[PDB]
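J.: Any chance you can model this:
(4 chains, ligands or ions: 10)
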Amino acid sequence: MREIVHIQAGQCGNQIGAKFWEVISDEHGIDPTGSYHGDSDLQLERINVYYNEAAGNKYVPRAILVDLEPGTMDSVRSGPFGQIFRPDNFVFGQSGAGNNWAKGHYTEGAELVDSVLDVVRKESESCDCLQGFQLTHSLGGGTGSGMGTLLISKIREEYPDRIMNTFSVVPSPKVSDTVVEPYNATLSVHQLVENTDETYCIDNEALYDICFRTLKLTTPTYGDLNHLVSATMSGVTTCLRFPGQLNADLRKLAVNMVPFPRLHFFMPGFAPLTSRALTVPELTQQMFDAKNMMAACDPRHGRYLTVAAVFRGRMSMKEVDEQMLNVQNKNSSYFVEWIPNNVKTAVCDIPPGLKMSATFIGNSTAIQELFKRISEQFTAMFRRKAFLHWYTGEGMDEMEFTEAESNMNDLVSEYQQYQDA
Amino acid sequence: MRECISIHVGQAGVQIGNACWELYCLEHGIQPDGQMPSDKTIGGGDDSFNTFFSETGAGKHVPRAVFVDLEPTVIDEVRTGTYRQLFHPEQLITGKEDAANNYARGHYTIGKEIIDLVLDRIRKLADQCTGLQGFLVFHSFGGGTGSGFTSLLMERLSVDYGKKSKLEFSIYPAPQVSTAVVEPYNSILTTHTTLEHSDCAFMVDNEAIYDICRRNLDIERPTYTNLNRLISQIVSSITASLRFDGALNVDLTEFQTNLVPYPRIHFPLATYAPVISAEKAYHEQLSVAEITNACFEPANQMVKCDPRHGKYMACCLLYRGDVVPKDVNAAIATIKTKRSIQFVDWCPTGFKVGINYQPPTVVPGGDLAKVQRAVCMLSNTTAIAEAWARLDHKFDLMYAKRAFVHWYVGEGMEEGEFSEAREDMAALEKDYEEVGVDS
Amino acid sequence: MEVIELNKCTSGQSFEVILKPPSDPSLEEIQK
Amino acid sequence: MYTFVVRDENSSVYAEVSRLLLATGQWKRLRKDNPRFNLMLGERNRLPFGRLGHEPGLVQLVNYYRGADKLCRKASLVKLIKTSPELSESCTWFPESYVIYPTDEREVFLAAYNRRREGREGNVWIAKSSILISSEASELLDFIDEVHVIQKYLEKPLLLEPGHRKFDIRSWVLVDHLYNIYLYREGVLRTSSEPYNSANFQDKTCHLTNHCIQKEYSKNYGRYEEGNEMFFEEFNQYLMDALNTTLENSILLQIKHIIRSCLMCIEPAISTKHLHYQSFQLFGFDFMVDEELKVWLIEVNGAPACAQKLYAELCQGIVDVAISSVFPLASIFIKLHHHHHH
Ligand SMILES: Nc1nc2c(ncn2[C@@H]2O[C@H](COP(=O)(O)OP(=O)(O)OP(=O)(O)O)[C@@H](O)[C@H]2O)c(=O)[nH]1
Ligand SMILES: Nc1ncnc2c1ncn2[C@@H]1O[C@H](COP(=O)(O)OP(=O)(O)CP(=O)(O)O)[C@@H](O)[C@H]1O
Ligand SMILES: Nc1nc2c(ncn2[C@@H]2O[C@H](COP(=O)(O)OP(=O)(O)O)[C@@H](O)[C@H]2O)c(=O)[nH]1
Ligand SMILES: [Ca+2]
Ligand SMILES: [Ca+2]
Ligand SMILES: [Ca+2]
Ligand SMILES: [Cl-]
Ligand SMILES: [Mg+2]
Ligand SMILES: [Mg+2]
Ligand SMILES: [Mg+2]
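T.: Numbers count the residues shown, from 1 in each chain, chains lettered A, B, ... in the order given. Ligands and ions are numbered 1, 2, ... in the order given. Now the structure:
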């Protein structure tokens, strides 16, 4: 198990995608021209998971950049690491998707999708042994949401034995562009429930609250939100990118984290929170704290099915084992007793501008709070058919909205079932 | 002389085989290039060490060993490591993608595509044997390859070598070093499919070895390297009778005859003493009585369980170093008057004793101190069923909710195989209770 | 306490001590 | 916060230990099937000892010794006394007992039953199991058939005045994780409220001193003392006034000797000293006293209840010496020990 193909779709997908590649290029000692100028063999050992090797020992991200408008991809091409991407891996139309899932999924997106699959196939064909795909996107807009979930369905059709992983940014009224975000998010969740193996739920509600309450940023920008996202994304991909025993490939993570196929929506967490010296007890308490979670769900309102904890930096492996055992033993009621030993811990020696950090990935039944919140915003509009004409104009029927709402309410019921068991 | 072929399956099987063959080379005076200056018969021979080593015309001593893994990264470290010249490339077999901690993926999906190649490489070793005794199989219970590939291989070896003994060295899963929540599923599925195909299986609980490394070697956080060096000492104790001149456990058949009167109850408990820190600058050397008494301490066992609360069917003591029968017999007499050693009514209350005068070899720069005498006790006690009870309970908790079962069904396994495997373990737990408990 | 089957050689010895007397699927099926 | 589970709902002693642990505020009760406990207050039957001490980062303690049943089942106790060199066939504080099935000891029991007939010795026996009294062998053996032990019946019990009435002594003993043996300083006499009648074994109310049998059948229940329960302060006054001795001298030296002999005999078999989990257990020892003030062990109870007024003190004793010794927070016992040289 080796190569991952990365796809980033729409404004959000491409902005957080670009930050992901900046952050992990710096960790692996790759400069903006794709040359290796690092000091450790640990940096290169699993470089091929995310990077292709080119002429003159250049490293090229296995990354495809997709949008229905050029603006955000022009900004990526001008951004610091913009010249590192393969130029033929930029696939863009001119129309845009007007924050409309139906345009992304059915009309504008359908026109562009075949040329994206041509690039995916080119990347896939030169892989020694493709593990699968990760997509970065938002669920609230049109391209990331509608065209992103179209791509996932087409990729599954062509690579049905490969793993599909998403970083999915969930919309919030606190950080909102349009009133239709709940429609786009409900239609997208319906796709993700069927066609991904693992979804990291990155809640703009949580990122805003962390920036405001914890980091004391009076006026959070998308840049401030994306600093949290890129640190989380570096954290949750550490085990894929560095030598290690635990969750070292996408299929092994899925087998450890997903007990039932539909319950694959993960609550990520990070410590310490940043815009000097943290102890292992403090990392462990902070990484499990509601205030460090990137999904606005109270983990004390549910139970952990499974947890992956990743510690980064030079620290005592004995103290990490003792503290991780301390959290489980002291808070035993919040870990389901019918999955024994459901908390796994990895330690990587390379830290991210920090001496030590901890990344948390939880499969909690409390994630239902995120889906219920989207469901309530959907219904408030849908009961009056408000703003539907934007969607019926692109050929969709009301029934497709009724089905998406039911499937998302079913997902909520299923989390509730295992919470009570 | 009668050859044994060693088969190392998956990461645990391969890394433990690395440690064992390193130790065998040091015990027999074999250099990393395969040369053995003390061997005067160039290019062949029927010495006791030839059970485990073949010989080329150029004086190279080559392990009678196959290494199999479904991903390449662990076997690639054998291919480029210190003992790279010892093994011919065709002994080292790798696929491209692993079984992802899934028995069904190892057994059905990936097993089906590599099984004919592995049997072909085994057949090549078998064809150079004049009197093949059979196989020593090293694997984890917990991994997808260790569990699923091994059970397919054991079934195919029963078909292709029906008269051959098969001995297992099995790593039983411990949460302090485990990499998968589903290890109990994989353990029960492999035990069910393998049970009829194995003559004698030595289980090593990673929890017991972990604690021995922490307590007796003062390692704060043991790695696989620490665990494997200790496991290789115990494996070497067990296989020494096949590799050196002697009259006890001299062929694989004799393991079954001496340790396994009932075919399904074929899991002897290993206990090893003494384990002493190399860093310990002052060490008082332990007597025959002290190391023999330490064989009845749960803290020295390869599986934590309480033999006082079961019955013995068989007991072997395998001594290495400065030991004479007089001191063994005096040690045993003292222990009989002080410990709860109860044999079943249908077996003699007795010990088979082997002494090899060469003291235990240690790997230079390792964690183990050089000692003047050591012992491995192999006892077939009903107490080892505690380890089945623990695994069966974890299996039942998860299976009652069908947690993770869809990963196994998705590989083409039927749900029915879970309940059939579990029923076989219920019958095994019951067999141990019938032999072990009074009424 | 009887000591029996005493075997001695240059590299070691073995013996037995008694403290008391007593009271498959085919290639075809796999492929399928 | 130390954690504990409760797996025996019907134990009055451990319901009170449970209440005391919670009231310290430093102990949290978990659901019965949660494995992440420090302390198991275990079930009576098929306690899963094989699943204890395999939780990393938890020191685990259980309130039962695995193998203690050898002492606490009638058949097992008889076998253990005859066959253990340190107790021996010639043991002087256990009544002559034989195991009898419907292996067996019928023809060895009949042989000894004839020596009494032969020599005109008092020849009354008692059949019981985990109850009939007769001087005729073939009526005991007929009843069994309709696993038991036949035990010489003590024909000359000590009798309390007033009332000419039989009794047994219950002693409570706590064995901690280090195998210290603690005798609770308060015992209890379970009295008969009927005068003793050596010419009528058919009437079993004046012969059997159990708290349930006297509460239903006896028409004098509570006449002499509250319950049918005389405590040590009064029984000691009685022995001083009537017989010119003490409870310590006449009876308790023998009780302490017997408790120490029974528990030191099974220590190599049940000790948790070098084990991956640890045990303690509360035992109930039941004694008879004969008219010469010789003490006889009748049985050992592995799951005793307590006298109502001693629950408070004994249960606090259990948290103090058994639990807080292993799990310290932020004496009512005599420690039985003797190191004589020879
Ligand atoms: N003692 C010991 N245990 C090991 C070692 N490597 C892995 N394990 C244990 O083996 C189990 C995991 O099985 P592995 O052998 O890694 O898995 P595999 O057979 O390679 O199977 P897949 O990777 O699933 O294809 C866990 O219980 C690990 O703790 C090792 O070198 N020594
Ligand atoms: N050998 C003997 N001689 C005289 N009386 C005897 C006796 N064995 C038993 N008893 C009488 O029977 C009573 C105890 O019976 P036994 O101990 O067998 O029953 P049991 O187990 O129900 C009591 P517990 O509730 O303490 O367990 C004593 O109190 C005594 O009165
Ligand atoms: N965290 C984060 N959220 C964003 C960013 N850009 C847009 N969003 C959110 O993404 C959603 C809008 O989708 P967007 O990606 O702009 O539309 P698209 O280009 O049609 O996919 C809304 O929920 C916004 O709150 C960003 O850079 N970071
Ligand atoms: Ca067009
Ligand atoms: Ca030779
Ligand atoms: Ca066979
Ligand atoms: Cl054959
Ligand atoms: Mg936008
Ligand atoms: Mg592997
Ligand atoms: Mg009783």
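J.: Count residues in the vicinity of whichever residue of chain C sits closest to ligand 5, would you?
T.: Scanning chain C for the residue nearest ligand 5 gives residue C:11, at 16.7 Å (criterion: CB to the ion). For every residue, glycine as well, the C-beta is placed using N, CA and C. Residue C:11: 13 surrounding residues under other CB atoms under 10 Å in any protein chain shown.
J.: cool, and residue D:321?
T.: 18.
J.: Confirm for me that it is in contact with residue D:335.
T.: No: using CB atoms under 8 Å, residue D:321 makes no contact with residue D:335, being 9.4 Å away.
J.: so what's in contact with the two at the same time?
T.: Counting by CB atoms under 8 Å, 6 or more residues apart in numbering or on different chains, the shared contacts of residue D:321 and residue D:335 are D:180, D:182.
J.: Just the CA coordinates for whichever strand or helix holds residue D:242, please, in PDB.
T.: If you go by DSSP states H and E, residue D:242 is part of helix D:232-243. Taking C-alpha atoms only, helix D:232-243 is exported to PDB below (Å, rounded to 0.1, in the frame of the first residue of the first chain):
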ATOM      1  CA  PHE D 232     -18.400 -11.900  73.500                       C
ATOM      2  CA  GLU D 233     -18.700  -9.300  76.400                       C
ATOM      3  CA  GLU D 234     -21.700 -11.300  77.900                       C
ATOM      4  CA  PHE D 235     -20.300 -14.800  77.100                       C
ATOM      5  CA  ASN D 236     -17.000 -13.800  78.700                       C
ATOM      6  CA  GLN D 237     -18.900 -12.500  81.800                       C
ATOM      7  CA  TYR D 238     -20.800 -15.900  81.800                       C
ATOM      8  CA  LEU D 239     -17.500 -17.900  81.600                       C
ATOM      9  CA  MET D 240     -15.900 -15.900  84.500                       C
ATOM     10  CA  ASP D 241     -19.100 -16.100  86.800                       C
ATOM     11  CA  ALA D 242     -20.000 -19.800  86.100                       C
ATOM     12  CA  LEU D 243     -16.700 -21.600  85.100                       C
END
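J.: Now the element after that helix, going C-ward?
T.: Next along from helix D:232-243, by DSSP H and E: helix D:247.
J.: ok, residues contacting that next one?
T.: Outside helix D:247, the residues that touch it by CB under 8 Å, 6+ apart are D:232, D:235-236, D:239.
J.: Name the residue of the stretch 301-439 of chain B that lies nearest to chain C.
T.: residue B:345 (3.7 Å; CB to the nearest CB).
J.: Now do the same contact list for that residue.
T.: Contacts of residue B:345 by CB under 8 Å, 6+ apart are C:22-23.
J.: at 6 Å what do you get?
T.: Residues near residue B:345 by CB atoms under 6 Å, 6 or more residues apart in numbering or on different chains: residue C:23.
J.: what secondary structure does it sit in?
T.: When classified by DSSP: H, G, I helix; E, B strand; the rest coil, residue B:345 comes out as coil.
J.: mind listing the helices for the stretch 251-400 of chain A?
T.: A:280-287, A:317-330, A:368-382, A:389-392, A:398-420 (DSSP state H, counting those that start in this stretch).
J.: again, but for the stretch 101-250 of chain D
T.: Under DSSP H, counting those that start in this stretch, the stretch 101-250 of chain D gives helices at D:106-119, D:137-145, D:211-216, D:232-243, D:247.
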